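Novice: Model the following, please.
(chains A, B, C and D, ligands or ions: 2)
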Amino acid sequence: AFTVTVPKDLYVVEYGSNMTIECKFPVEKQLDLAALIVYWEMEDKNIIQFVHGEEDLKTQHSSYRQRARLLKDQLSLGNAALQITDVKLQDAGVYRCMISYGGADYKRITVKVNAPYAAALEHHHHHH
Amino acid sequence: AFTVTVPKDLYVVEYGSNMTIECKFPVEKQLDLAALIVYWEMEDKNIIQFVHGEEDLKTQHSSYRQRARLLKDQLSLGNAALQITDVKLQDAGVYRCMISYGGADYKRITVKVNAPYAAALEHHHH
Amino acid sequence: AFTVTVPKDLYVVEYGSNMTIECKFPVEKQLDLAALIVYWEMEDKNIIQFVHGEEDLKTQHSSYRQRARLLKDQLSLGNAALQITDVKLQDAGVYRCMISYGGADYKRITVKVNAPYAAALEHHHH
Amino acid sequence: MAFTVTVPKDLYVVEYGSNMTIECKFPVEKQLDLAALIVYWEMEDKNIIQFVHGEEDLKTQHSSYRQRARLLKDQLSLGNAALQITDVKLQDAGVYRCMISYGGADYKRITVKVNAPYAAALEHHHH
Ligand SMILES: COc1nc(OCc2cccc(-c3ccccc3)c2C)ncc1CN1CCCC[C@H]1C(=O)O
Ligand SMILES: COc1nc(OCc2cccc(-c3ccccc3)c2C)ncc1CN1CCCC[C@H]1C(=O)O
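Specialist: Numbers count the residues shown, from 1 in each chain, chains lettered A, B, ... in the order given. Ligands and ions are numbered 1, 2, ... in the order given. Okay, here it is:
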């Protein structure tokens, strides 16, 4: 069966760091971008929609505008990698990588964000 | 772009009743069952996995056993209908219909379950 | 030790209905209103504050205005009864009755609200 | 002068495996009367501490807070209900409530965030 696999289902990241979360899918021979769909989301917020080679920010939340990208290089190697830059406390939660490629599956990834008092205080009072 | 559609994104159902939650997908010529994938879940629990024109029970959460059925006859009209029988308070929450058919999409449906005191008390203690 | 008791820790109420949720506290003979503090809340929202023998609804959450009242006759019988009118889906959740009377204690009460589609839909969008 | 509990910090950030003291202040005029003081500490409706007229009372204490939690009794005479929890775990993260009756009654909320490295986070993730 078409199986999406996650080498890590748990990421522990420092506030302000960069994170690449990886979802693997089978690619035999050459990638057919025309048949590939990748959706990345966290708790029903859309981060990435890559449908036949193009991305649509349509439901792409402002939270992930400027900070989230899919690493396109990795796609031909069967790696749908979400890179988030300048990780914030609001990025903690359960991510889903949803892949359709002649077959469909999704996996969940848990992200925990560690932060110092100063970042935690700002998030606490000014809710990001 | 391939779009899954839900006529109702909210269902309010009575404890003990039967419920059909429906999601639509475009079928603009003879349904190709071989290319259709339908996945139904609620809060990470698998209810239905319809691949290669048949259903796989190897994944059902065991809270949905004998209670969950996908209505196949409708797929040719582009309706992925989940029928749940003997609705329980545990069936309340956010459902997802995930469809792959030359394109892929999903929609969320919220189910609220109304129950009398007697049923609610049992669910409360457990 | 001073013990607050709740005969029912679970209430099931209809949208638009009325509800009286009760917490019991020990009273021997004359209630001393001067020493009695009763605070009722739900998820951090103040519903009722009876201090120095009078209701103090200057801390009441706006969601409970005109809808919430402590039955002051009941206090003399050792019953802190919160009566809520025109129950909304937002009223569902965990209530706490906090009592200070020569001693202090609290208990939790769960309220579930049954509602028709029309009320559920408005709550769903708001 | 309504009886007011005050928290100098409503947010604590603690490292996994460390010890934490979280504090709630209450008005004490002259000398504390232990006989009139009740302090309850709880987190998400689990009881951690019950101090009723001068002693601990395990009337509602949850088993997780067995030999991990104490009230600093010295601090009470200064009007400080200080909860010390030892060997902080990821499950100790959340909203704490200090409930004080001393003539009047009030409660305040304190948020604890627990930072943990991958090894501790992984154990919590599976267990
Ligand atoms: C996650 O559970 C499963 N979901 C699905 O379809 C999901 C699905 C169905 C339909 C559409 C999408 C989609 C994909 C990308 C974007 C939007 C939606 C998705 C994502 N098919 C099998 C299983 C389970 N099955 C057996 C156990 C191992 C893995 C898997 C397998 O080998 O296929
Ligand atoms: C928490 O809010 C309040 N709680 C209460 O009684 C609680 C209460 C009442 C009765 C008993 C206990 C208790 C104490 C210790 C243990 C168990 C229970 C408790 C804990 N009375 C006023 C306010 C509100 N008050 C006015 C304005 C806002 C804030 C506060 C203030 O400014 O003083």
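Novice: touching ligand 1 at all, the lengthiest strand in chain A?
Specialist: Using DSSP state E, we find that the single longest strand of chain A is strand A:104-114. Yes. Strand A:104-114 is in contact with ligand 1 by C-beta under 6 Å from any ligand atom, via A:104, A:105, A:106. C-beta coordinates here come from the backbone N, C-alpha and C atoms, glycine included.
Novice: check contacts around the residue of chain A found nearest chain C.
Specialist: Proximity of chain A to chain C (C-beta to the nearest C-beta) peaks at residue A:44, 13.8 Å away. Contact partners of residue A:44, counting by C-beta atoms under 8 Å, 6 or more residues apart in numbering or on different chains, are B:94, B:108.
Novice: What separation is there between it and residue B:110?
Specialist: Residue A:44 sits 11 Å away from residue B:110, taking C-beta to C-beta, to the nearest Å as the criterion.
Novice: Same check on residue A:103?
Specialist: Counting by C-beta to C-beta, the gap from residue A:103 to residue B:110 is 29 Å.
Novice: The most centrally placed residue in chain A: helix or strand, and which one exactly?
Specialist: In chain A, the centroid-proximal residue (C-alpha atoms, centre = their mean) is residue A:82; its distance is 3.7 Å. For residue A:82, the element it lies in under DSSP states H and E is strand A:79-84.
Novice: go on, residue A:124?
Specialist: Per DSSP H and E: helix A:117-126 holds residue A:124.
Novice: got the contact list for that helix?
Specialist: For helix A:117-126, contacts defined as C-beta under 8 Å, 6+ apart pick out A:15, A:16, A:88, A:89, A:90, A:115, A:128, D:10, D:11, D:13, D:111, D:113.
Novice: How about stretch A:99-108?
Specialist: A:1-6, A:9, A:23, A:25-27, A:32, A:35-38, A:80, A:94-98, B:37, B:39, B:44, B:98, B:100, B:103-104.
Novice: Just the buried residues of those.
Specialist: A:4, A:6, A:23, A:25, A:36-38, A:80, A:95-98, B:37, B:39, B:98, B:100, B:103-104 (16 or more other C-beta atoms under 10 Å in any protein chain shown).
Novice: just these that are near ligand 2?
Specialist: Within the buried ones among the contacts of stretch A:99-108, nothing lies near ligand 2 by C-beta under 6 Å from any ligand atom.
Novice: Pull the contacting residues for the closest residue to residue A:7 other than its chain neighbours.
Specialist: Spatially, and ignoring its direct neighbours in sequence, residue A:7 is nearest to residue A:22 (5.9 Å; C-beta to C-beta, 6 or more residues apart in numbering or on different chains). Applying C-beta under 8 Å, 6+ apart to residue A:22 gives the contacts A:6, A:7, A:8, A:74, A:79, A:80, A:81.
Novice: Contact partners for the residue nearest to residue A:74 when sequence neighbours are not counted?
Specialist: Spatially, and ignoring its direct neighbours in sequence, residue A:74 is nearest to residue A:81 (4.6 Å; C-beta to C-beta, 6+ apart). Contacts for residue A:81 (C-beta under 8 Å, 6+ apart) come out as A:20, A:21, A:22, A:23, A:70, A:71, A:74.
Novice: There's contact between the residue nearest to the centre of chain A and residue A:42 in this structure, I believe.
Specialist: No. Between residue A:82 and residue A:42 there is no contact under C-beta atoms under 8 Å: 9.5 Å.
Novice: Now do the shared contacts for those two.
Specialist: Common neighbours of residue A:82 and residue A:42 (C-beta under 8 Å, 6+ apart) are residue A:95.
Novice: ok, now how distant is the residue lying closest to residue A:14 once chain neighbours are set aside from ligand 1?
Specialist: Of all residues not flanking residue A:14 in the chain, residue A:114 sits nearest, at 5.4 Å (C-beta to C-beta, 6+ apart). For residue A:114, the distance to ligand 1 (C-beta to the nearest ligand atom, to the nearest Å) stands at 29 Å.
Novice: I figured residue A:114 hits residue A:11, correct?
Specialist: No. Residue A:114 is beyond contact range of residue A:11, at 11.0 Å (criterion: C-beta under 8 Å).
Novice: Which residue is it, in chain A, that comes closest to chain D?
Specialist: residue A:114 (4.1 Å).
Novice: Strands along chain A, start to end?
Specialist: Under DSSP E, chain A gives strands at A:10-14, A:19-24, A:37-42, A:45-51, A:54-55, A:68-70, A:79-84, A:93-100, A:104-114.
Novice: Could you see whether chain B lies near the third one?
Specialist: Yes. Contact of strand A:37-42 with chain B is found when judged by C-beta under 8 Å from any C-beta of the partner chain, involving A:37, A:39.
Novice: what packs against that strand?
Specialist: strand A:45-51, strand A:68-70, strand A:79-84, strand A:93-100 (3 or more C-beta pairs under 8 Å, 6 or more residues apart in numbering or on different chains; DSSP states H and E).
Novice: Give the partner strands of that strand in its sheet and their orientations.
Specialist: Sheet pairing of strand A:37-42 (DSSP bridges) gives strand A:45-51 (antiparallel), strand A:93-100 (antiparallel).
Novice: cool, and the shortest one?
Specialist: Counting by DSSP bridges, the strands paired with strand A:54-55 are strand A:45-51 (antiparallel).
Novice: Contacts for the partner strand, please.
Specialist: Contacts of strand A:45-51 (C-beta under 8 Å, 6+ apart): A:36-41, A:55-56, A:58-61, A:63-64, A:68-70, A:80, A:82, A:84, A:95, B:1, B:103.
Novice: how about that strand against ligand 1, any contact?
Specialist: No. Using C-beta under 6 Å from any ligand atom, strand A:45-51 stays clear of ligand 1, coming no nearer than 8.2 Å.
Novice: give the contact list for residue A:75.
Specialist: By C-beta under 8 Å, 6+ apart, the residues touching residue A:75 are A:31, A:33, A:36, A:38.
Novice: Most proximal residue of chain A with respect to ligand 2?
Specialist: residue A:125 (18.4 Å; C-beta to the nearest ligand atom).
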